[PDB]
């Protein structure tokens, strides 16, 4: 027997909001709810992570262009744990996308409809601008959290790094959050670890975009766009399409069932 006072804890699924956006979803109320979750979540994630990167980039310079593992770990924690917290907070509000590339994968998977998806992506972009301006104002010194190529990487290598890192993130969302099972509630944790490793892959070489809202906001705030800024848009878009493609193949194959 479950006592009545325990029942909500046992019966109420901790499921992404988009799983329950059916008929009735096109109200102004419901669009505002989704937008508010994406705004709050994206702001808190990116603001946190930008300040952490600002601090980490005050570490003494490493000679000869070498890497600084502790620095890279710190920045990776700021984005990976930051997104973890943001998605846990907003999971039942908006689904915690916090990333236009994530929303695009979800639109392709027909988890989120296109108009709602556009509203969410524009909200994420505005939140990233706001986060960049707030982190800039709140920290001494010049902005140190904008994306740039490093570590000898070319534009072409950077594009592929960005695309594969984004694919890992998006495939995690699809398999854990979109698919419906007893680990869906835990997806925010796995999404955070995916982003953590994508930052360990990419910071040194690309600064780790993985998220057009993350790359755009600091560029506006610093009034500085490298000519290669397009990699931070195309790379994540290609990663979203790659992840979708793999998910769609497995859905076509009815992966979860031995004997369909």
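Residue numbers count along the first chain shown, from 1.
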(message) Please compare 225-233 with 36-44 and name the stretch with the higher mean C-alpha B-factor in the deposited structure.
(response) 225-233
(request) Can you let me know which of the two, 135-143 or 176-184, has the higher average C-alpha B-factor in the entry? (result) 135-143
(message) Between 191, 198, 28, 53, which one tops the list for Cα B-factor in this entry?
(response) 28
(request) Identify, among 115, 91, 81, 164, the residue whose C-alpha carries the highest B-factor in the deposited PDB entry. (result) 115
(message) Per the entry's values, where does residue 240 land by CA temperature factor relative to the rest of its chain, in the lowest, middle or highest third?
(response) middle
(message) Where does the C-alpha B-factor of residue 17 rank in its chain, lowest, middle or highest third?
(response) lowest
(message) Based on the deposited C-alpha B factors for this chain, I'd like to know if residue 128 is in the lowest, middle or highest third.
(response) middle
(request) Taking the values exactly as deposited, rank residue 211 by C-alpha B-factor within its chain and report the matching third: lowest, middle or highest. (result) lowest
(message) Please place residue 105 in the lowest, middle or highest third of its chain according to the CA B-factor in the PDB entry.
(response) middle
